[PDB]
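Protein chains in written order, with our numbering: chain A, 1 to 399; chain B, 1001 to 1399; chain C, 2001 to 2397; chain D, 3001 to 3387; chain E, 4001 to 4082. The next block holds one structure in the form of structure tokens; read it before the comments.
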Amino acid sequence: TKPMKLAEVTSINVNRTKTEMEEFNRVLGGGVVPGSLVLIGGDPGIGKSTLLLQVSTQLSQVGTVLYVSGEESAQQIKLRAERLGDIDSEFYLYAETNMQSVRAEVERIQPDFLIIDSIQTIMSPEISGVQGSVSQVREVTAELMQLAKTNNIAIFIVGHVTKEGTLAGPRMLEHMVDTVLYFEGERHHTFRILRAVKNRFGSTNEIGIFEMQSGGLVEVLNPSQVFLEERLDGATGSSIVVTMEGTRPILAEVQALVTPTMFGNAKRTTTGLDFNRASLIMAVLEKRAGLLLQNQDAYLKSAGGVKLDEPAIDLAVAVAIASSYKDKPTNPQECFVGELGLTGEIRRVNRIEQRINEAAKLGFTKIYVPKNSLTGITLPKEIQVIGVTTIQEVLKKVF
Amino acid sequence: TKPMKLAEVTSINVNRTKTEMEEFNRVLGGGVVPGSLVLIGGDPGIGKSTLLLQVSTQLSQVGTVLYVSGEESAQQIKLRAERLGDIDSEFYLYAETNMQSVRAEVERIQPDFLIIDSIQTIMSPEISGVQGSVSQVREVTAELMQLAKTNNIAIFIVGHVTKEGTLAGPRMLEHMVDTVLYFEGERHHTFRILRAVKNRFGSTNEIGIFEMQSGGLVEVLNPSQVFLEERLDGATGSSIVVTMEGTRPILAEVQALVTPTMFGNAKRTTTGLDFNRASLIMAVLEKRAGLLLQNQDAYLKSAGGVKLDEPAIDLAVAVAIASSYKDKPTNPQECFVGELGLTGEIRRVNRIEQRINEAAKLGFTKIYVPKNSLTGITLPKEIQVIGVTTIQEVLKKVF
Amino acid sequence: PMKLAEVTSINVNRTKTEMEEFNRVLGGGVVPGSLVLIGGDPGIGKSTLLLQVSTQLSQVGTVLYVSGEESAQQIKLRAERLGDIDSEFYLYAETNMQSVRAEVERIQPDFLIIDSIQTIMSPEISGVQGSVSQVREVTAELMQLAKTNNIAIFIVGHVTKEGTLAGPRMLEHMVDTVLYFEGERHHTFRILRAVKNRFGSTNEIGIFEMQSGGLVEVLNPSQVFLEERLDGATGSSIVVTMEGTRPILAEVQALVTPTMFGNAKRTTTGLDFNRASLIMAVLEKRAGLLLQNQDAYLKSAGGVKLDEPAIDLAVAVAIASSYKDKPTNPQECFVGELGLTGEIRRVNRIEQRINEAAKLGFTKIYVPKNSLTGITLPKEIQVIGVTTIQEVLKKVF
Amino acid sequence: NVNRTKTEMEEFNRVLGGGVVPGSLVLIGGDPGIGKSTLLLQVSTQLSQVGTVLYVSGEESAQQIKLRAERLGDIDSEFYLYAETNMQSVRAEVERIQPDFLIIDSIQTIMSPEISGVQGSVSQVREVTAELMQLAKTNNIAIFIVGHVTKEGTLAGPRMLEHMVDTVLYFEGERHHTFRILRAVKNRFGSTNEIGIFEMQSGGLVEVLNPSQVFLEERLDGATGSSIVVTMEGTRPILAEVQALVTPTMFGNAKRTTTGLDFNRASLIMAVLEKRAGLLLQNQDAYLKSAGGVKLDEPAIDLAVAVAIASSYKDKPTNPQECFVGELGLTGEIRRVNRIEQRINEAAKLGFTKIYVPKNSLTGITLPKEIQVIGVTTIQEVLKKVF
Amino acid sequence: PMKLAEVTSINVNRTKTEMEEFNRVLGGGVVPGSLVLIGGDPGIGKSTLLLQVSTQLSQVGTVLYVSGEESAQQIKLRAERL
DNA sequence: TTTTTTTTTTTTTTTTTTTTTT
DNA sequence: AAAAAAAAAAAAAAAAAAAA
Ligand SMILES: Nc1ncnc2c1ncn2[C@@H]1O[C@H](COP(=O)(O)OP(=O)(O)OP(O)(O)=S)[C@@H](O)[C@H]1O
Ligand SMILES: Nc1ncnc2c1ncn2[C@@H]1O[C@H](COP(=O)(O)OP(=O)(O)OP(O)(O)=S)[C@@H](O)[C@H]1O
Ligand SMILES: Nc1ncnc2c1ncn2[C@@H]1O[C@H](COP(=O)(O)OP(=O)(O)OP(O)(O)=S)[C@@H](O)[C@H]1O
Ligand SMILES: Nc1ncnc2c1ncn2[C@@H]1O[C@H](COP(=O)(O)OP(=O)(O)OP(O)(O)=S)[C@@H](O)[C@H]1O
Ligand SMILES: [Mg+2]
Ligand SMILES: [Mg+2]
Ligand SMILES: [Mg+2]
Ligand SMILES: [Mg+2]
């Protein structure tokens, strides 16, 4: 080795190969990078070995794959494969735990892709410690990193997780690999969310959602079924907003029902929405747009119980209230994003590009967004993007 | 050797070289200091080596740079460089991992600035045990502080972190080096913040905020939704406040809508503020300034959902309420800062100099502050700092 | 020799720095013949603090500053930032314990400051610079020098990655005083707190603010000053509250106005509105202020949360001054809990409170009379015992 | 058993098995600065009234100890100080005094220079301890040992000392506590677990005799609407005062503003008084507080709360030496309470003339003769007896 | 043990105390080869119960009573109250 | 024939990780 | 929010042991 000037452009471009799973490719950042290390953590049972077996089958159509498993015997893995089904043209399988015995086979198969079905179950013969020991994990991961960086092998490592929900072993492990994925999914849903917390080769904002099914993990193409309901005739008082949950844009319906107050102080009731925010929005509508609302009771709901924290919902909430009060329908493919100011201005929102992209992917026609958010934003040309400046403009255009 | 002197001693000055990233220069106390040690810690994948490759390029425009790394090969570094820039001042890469060859090549090329990358990923063949040993990093740190002082090389060091997020290694590491930086970001946010916990050459309070983007880190300059020209021109009931978001001042905007109640009682709906605080402020206004407000509803909001609960916002809240009740605008170039006492006094506030300086940087023309806070303040030339001591003074000056 | 109880003792000649917020932590001043240990996180400010101490003590006696971790140029550059060498002192930057022992015997300094015992070493043994044996022998040498020359020694000790002193636990036994210098990244105050001091109370902490011109002592941590009340401002009063161990001054403010619409609000901040409405009920029953038909609005100034029962008297006097439209004197302070019978009940730490009010230059403090039993009033403060709220209201207004 | 000498700190006796037995060792460990040397100087001075005492110190020269003694002020009849570290010289001074109560101010700062090790060496301290054992055995001297502690607290070589040591107890306290707790952990001659507690002061350590948190008796004159109740701070009984202000609802509607108590419990209590006693409280505001901010909320308070409310409504004073304990039922029955014996004994210790208690709870308890324990059945009976 | 296939069977030698209201809470008696754990509210009778049970089992067989938490003198002085 | 010494061992302290407990 | 289980390292008590 020698020091070199940066203009010694020995950099060959990374011809990263795509698997068939677009959800997997996107989290990785376009594809599997040769010579990368990917560490997949996640709770027991969540689907890590299923995911890796699927991608191993798909990659075996394009390159040689070696699947290495300490924790499971070859018959179990073949039983899962036949439950999933693939030609498995060049898919090698190797149940092993001794690092020298895997390294020897790696140096003859020359696998383009290597799966390590659990790092905590594979041991160096050098280190005396138990298979989950910190020193064992350190030595095995350093040897795998040598194999990867020397032979351009892409290595997928399954990591055991502590009861905290964070990867076990020395933090050196998270420092040394190139990509760290978590695989997780709460019991309220069937969906399994794959997310990158580190990715030296791509954006860590991309997340992939799978559903676990008999016969494998299948991609879910719409994360949010809860909007899907085609509207009744009439159906006044509904609007749709591209809100946000964690990092993924999710599109959700807001509904309102405005009715004349009787025999009490006018009272306002919500679900999934802060009633303070709704009271503000109703005050803005009554002031700036002249909707008589201090004599109306109002009821607001988000479909599917998705809780709408962020201020970007306020414009869609106002449009829902207006649609109910006017008793006139919005279009089922109009979508609304923006904070509503008490001076009636529509205020810019973060992540505007992702929201417009997601609205385009779900096939909406018109998305209304704050005019000042549009600066330098490139729209997808298939969806009409309307920049709006004040609530009176939105009401006059929608109604 | 055998010194021993009175305090009359050479007092040699410290020169500084600024990077082009003012957000980075700020944290170091105004620029890189020759012969200093700066230690960078932070979560895996946070952006440390992008930041250091950016600053490595900028220093490379004004001096020779040697970038060592044991983490990554020269090809990966060059691919990153192409991703984030034009290679407009080429510098040296060295993929070395053993300290003797580093010391050799650094003595031969004799750089102005040196970057180690991770101190935990370099070892010394003369001593001790495993990579990342406490025994190893201590001795490498001693070698670096020597090489630094013998040559006046400024050295930047990446440090691993524990799972708790504190710097790894023996505390001798955190004592021998001169500057210790943390690079961090909460998962609910897009920003990365860079903060000093120790800095022998400047204040630690100055943090720097970056956004991660496809072309690298970019300094945000404005951590807030307050973009001045957002204001709806004819807007009334809005005012801006300089608020401490922890250690950093941020702009925030307080909006009020004030309107007569059409019921036997009046609402006090408030988002982002304590409604008891707003109710106290309206009682101060009604008693001292004579605004008839018990007949009026008030609705109050903070822009962008920022939670504003420090006493310094009371003045801007009072001015927003008064602006709405009077239906007169305020100039969007004025900031307000001050606690409001039930006497109508504007009480002094903490960190007043930071607040004035940050109001100055984003180009505000006036800021109203407690007059008693003005003592010893270095107030910048570009902004007229208007001392005030009663709410009625503010209302006469502004309305 | 067992000299029984006949040995003769002379009072320690406690010298003082100008930083009273430092002197308080040592329990009144710097004793001679003594070891002080300063611990704290890296970067906290220990060297800045001991530089300022050196420069101040140099006005009283000879100071020698030694530092194995920092060159004399860096120390002089810091001193030039902090101020000027008008009180010039000796600076050695030595690492050899034998050399500093010889130099101390030559110069006979009144005060010695060692900025890292983790870098002094003696050649009689060798090893890692911070080795337990090296620090133990060096600190034994320092215990000799302290006794032999009556020298006050300030030692900077390193700290582990938890907030505890490194090196042998025997260290905290040999030394006479142990200080931790501590702070929090969300803040910018530094607290200096003792964990051991056999020459004086360890119930006192010093507070500092790190600034460009050094560690400024924060004599008054509250945003509460006698200079800043509006001349005729009614409806506020001062109370000596306690933040754990530290007496903290606080102002309570009250706005009383007729309840023109609806029914009586009791909107409150920093206080508790149940406490406040109790106090208004006591005033209305016992003192006769017609406060039922009044709205009342109360806040702590400065956003300090007030919990303890000692605030009741100050809150009552703030309400009463707001109702009566008669200002309280800004230099009078109130402490005491209010009973629903209108009695004023005893409070804890009464002496530490009166001492803090005296030290902050309050001309007068009101206290529950029965708490005066066995009390030791300072000279610079007038202390008034009161028995009932009627007595207070007659005396104040 | 063999006889016990008592120090004047009865708190110290009770943790030390009821008193220091002669001819045996005691080791007090604890964090530096906790107060070991102050405690042992007070103990040694109190024992000086019984016989000769020697205090040996390496870690503190005689002048500093004398300064501390003159701070505390206690008279020091035949109190010996000895600044020494040569253990053989200590042993010889033992025979030049023949003490009766010996103190070593730290085992880690005395050395027999011939034998072994450095002053910290486990062998050196163990062997010094083995010599001390012979000196204890020979002259029946009770020897108090100060222990250093490990960073963890484990007495800096615990096992080999502790088996020779007989009795070990730990002196400790937290960063903010004015109190320091002296916990006995092993003891051949008394309750193997106990906790002594002291407050540290500039006058020296002072016992916490009676509970830590009682603060009372600031009663004024004709203070209607006040009553006293015995309540538990877990296992400690404490004696606390309830105050009530009852006043007509001149404006608005009846408030129930309450602090310390639960306003639901208080609402039940005023409903019970309204129905069973016939107090017209529904048109009254009633304001209730526990004195001193004590979180006084356990079922046994309801009788005292009822008597405070009734005293305030009637505007007649409760006697300042009457105490009440009792749960109140919605039928006006007064129900049993958890630990009535301990409450009556605390009431007696604080010198209360009466305690009112639930009848059906006097069965099988030994009423102390100094206090008039009164059984009451019903709230109407209580209000007849008191008012 | 080494060889079994549902064979050797000493059965439960269930040994009573004189208090049947103790025996009834177990299987009608104590069981050899077993650990019984007793908890309870502190000082309420927890040790009094087991000391008395010892004074009743001592009639049937040898009982060794070990206390880390109380002195042998105070133990025997309490037992004398029985 | 004691004196290093040096392995072996204890054991303590620092530090990092992780299983319980609100 | 709190503890206890492994890893790494230094301090040290001890002895196999070869010297000086
Ligand atoms: N018919 C089915 N047959 C087998 N597995 C199924 C079936 N249906 C669902 N599964 C799911 O398959 C999951 C098993 O997880 P896998 O993908 O096989 O491996 P893994 O548990 O993620 O990896 P580890 O290291 O063994 S914890 C379980 O959570 C089951 O819910
Ligand atoms: N298009 C993008 N391409 C590459 N990286 C991206 C991209 N967008 C964001 N990144 C971020 O780049 C981060 C990697 O930053 P790095 O500086 O290379 O790693 P580091 O952990 O900070 O430092 P080391 O010592 O190299 S591990 C990832 O965590 C991503 O979040
Ligand atoms: N203009 C400024 N220039 C230099 N330092 C400043 C400045 N302003 C504030 N500082 C503070 O100075 C602090 C440094 O404190 P130090 O005096 O180095 O304490 P120390 O770390 O204990 O000293 P040692 O013994 O050398 S490690 C930094 O943490 C800064 O917060
Ligand atoms: N006016 C006061 N004067 C002197 N000491 C005080 C005073 N007030 C409190 N103290 C306390 O007295 C303590 C002094 O420590 P000691 O009473 O000597 O116990 P000790 O430190 O354990 O003794 P050893 O065995 O030498 S370590 C300190 O912790 C102080 O907090
Ligand atoms: Mg598996
Ligand atoms: Mg890197
Ligand atoms: Mg220093
Ligand atoms: Mg002592």
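Note that CB positions come from ideal geometry on N, CA and C, so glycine has one too.
According to DSSP, residues forming a beta bridge with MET3232/D: Here residue 3232/D refers to the residue found at position 232 of the fourth sequence. DSSP, once it has assigned bridges, lists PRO3237/D as partnering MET3232/D.
Start-to-end residues for the alpha helix (DSSP H) that takes in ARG288/A: Taking the first residue of the first sequence as 1, we reach residue 288/A at position 288. Per DSSP, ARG288/A belongs to the alpha helix (DSSP H) from 275-288.
Residues passing the C-beta test against ligand 7 heavy atoms, cut-off 5 Å: The filter returns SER2047/C, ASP2115/C, in chain order.
Cα-Cα separation, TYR3287/D to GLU3341/D: In the fourth sequence, counting from the first residue as 1, residue 3287/D sits at position 287. In the fourth sequence, counting from the first residue as 1, residue 3341/D sits at position 341. Approximately 31 Å between the Cα atoms of the pair.
Pick from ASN152/A, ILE250/A, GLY85/A that is closest to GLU107/A, judged by C-alpha positions: On the first sequence, residue 107/A is found 107 positions in, with the first residue counted as 1. Comparing alpha-carbon positions, the option among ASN152/A, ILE250/A, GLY85/A lying closest to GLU107/A turns out to be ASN152/A.
Limits of the unbroken alpha helix (DSSP H) element including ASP2312/C: Taking the first residue of the third sequence as position 1, residue 2312/C is located at position 312. Residues 2312-2324.
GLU1071/B Cβ short of 6 Å to ligand 6 heavy atom set: Reading the second sequence from its first residue, position 71 is the one you call residue 1071/B. Yes, since a heavy atom of ligand 6 falls inside the 6 Å radius drawn around the Cβ of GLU1071/B.
Which residues DSSP lists as bridging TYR1067/B, in chain order: Within the second sequence, residue 1067/B is the residue found at index 67, counting from 1. The partner list for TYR1067/B (beta bridge, DSSP) reads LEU1093/B, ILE1115/B.
Close Cβ partners of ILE2153/C (< 6 Å) along its chain, the five nearest in sequence each way excluded: Indexing the third sequence from 1 puts residue 2153/C at position 153. If we look at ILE2153/C and ignore the five residues flanking it on each side, its Cβ neighbours are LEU2035, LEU2112, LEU2142, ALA2146.
Backbone secondary structure at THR204/A - three-state DSSP: What you label residue 204/A is simply residue 204 of the first sequence in a count that begins at 1. Three-state result, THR204/A: coil.
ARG1351/B Cβ short of 6 Å to ligand 4 heavy atom set: Residue 1351/B sits at position 351 when you count from the first residue of the second sequence. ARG1351/B Cβ: outside cutoff for every heavy atom of ligand 4.
C-alpha gap between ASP3031/D and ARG2190/C, whole angstroms: Stepping through the fourth sequence from its first residue, residue 3031/D is reached at position 31. Stepping through the third sequence from its first residue, residue 2190/C is reached at position 190. In a straight line, the C-alpha of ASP3031/D is about 25 Å away from that of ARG2190/C.
Contact set between the stretch 3224-3235 of chain D and chain C, restricted to residues whose Cβ is under 8 Å from the partner: Of all residues in the stretch 3224-3235 of chain D, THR3224, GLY3225, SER3226 have a Cβ within less than 8 Å of some Cβ in chain C.
Inter-residue Cα distance where the pair is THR10/A and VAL1130/B: Residue numbering aside, residue 10/A sits at position 10 when the first sequence is read from its first letter. Residue numbering aside, residue 1130/B sits at position 130 when the second sequence is read from its first letter. Using only the alpha carbons, I get a separation of about 31 Å.
CB contact below 7 Å: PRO311/A versus chain B: As a working mapping, residue 311/A is identified with position 311 in the first sequence. It does; some Cβ of chain B falls within 7 Å.
Of the listed residues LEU2338/C, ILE2155/C, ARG2353/C, nearest to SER2047/C (C-alpha basis): Start at 1 with the first residue of the third sequence, and residue 2047/C comes out as number 47. When only C-alpha atoms are compared, the closest one is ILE2155/C.
Residues near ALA3348/D in its chain [Cβ-Cβ closer than 7 Å; skip 5 each side]: Reading the fourth sequence from its first residue, position 348 is the one you call residue 3348/D. Same-chain partners within the cutoff: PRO3368, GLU3370, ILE3371.
Residues within the stretch 3156-3190 of chain D neighbouring chain E, beta-carbon criterion of under 7 Å: Going along the stretch 3156-3190 of chain D in chain order, one finds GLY3190 with a Cβ nearer than 7 Å to chain E.
C-beta contact flag for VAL1180/B and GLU1186/B at 7 Å: Locating residue 1180/B in the second sequence gives position 180, counting from the first residue. Locating residue 1186/B in the second sequence gives position 186, counting from the first residue. For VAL1180/B and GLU1186/B, no; Cβs fall outside 7 Å.
Sheet register partners of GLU3333/D (DSSP bridge): Translated into positions along the fourth sequence, residue 3333/D becomes position 333. Per DSSP, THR3378/D.
Three-pair Cβ contact test at 8 Å for the stretch 3184-3191 of chain D versus the stretch 2257-2264 of chain C: Inter-segment contact for the stretch 3184-3191 of chain D and the stretch 2257-2264 of chain C is absent: fewer than three beta-carbon pairs are separated by less than 8 Å.
Residue range of the unbroken beta strand (DSSP E) whose run includes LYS1198/B: By 1-based counting over the second sequence, the position of residue 1198/B is 198. Taken as a continuous stretch (DSSP letters only), the beta strand (DSSP E) holding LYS1198/B covers 1191-1199.
Under 9 Å (Cβ pairs) to chain C, residues found in the stretch 1113-1139 of chain B: Cβ contacts with chain C come from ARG1138.
Near-chain B residues of the stretch 2081-2109 of chain C - C-beta to any C-beta below 8 Å: Of all residues in the stretch 2081-2109 of chain C, only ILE2085, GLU2088, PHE2089, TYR2090, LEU2091, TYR2092, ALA2093, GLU2094, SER2099, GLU2103 place a beta-carbon less than 8 Å from a beta-carbon of chain B.
Contact test: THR2160/C Cβ vs ligand 3 heavy atom, cutoff 6 Å: Here residue 2160/C refers to the residue found at position 160 when the third sequence is read from its first residue. No, the Cβ of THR2160/C stays beyond 6 Å of every heavy atom of ligand 3.
Proximity test, Cβ basis, 7 Å: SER2212/C and chain D: In the third sequence, residue 2212/C corresponds to position 212, counting from 1. No, no contact with chain D.
Inter-stretch contact at 8 Å, needing at least 3 Cβ pairs: the stretch 1010-1021 of chain B / the stretch 2074-2081 of chain C: With a cut-off of 8 Å, the stretch 2074-2081 of chain C and the stretch 1010-1021 of chain B count as touching, because enough Cβ pairs lie within range.
Which residues DSSP lists as bridging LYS3354/D, in chain order: Taking the fourth sequence and counting its residues from 1, the one referred to as residue 3354/D is at position 354. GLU3322/D, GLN3372/D, per the DSSP bridge assignment.
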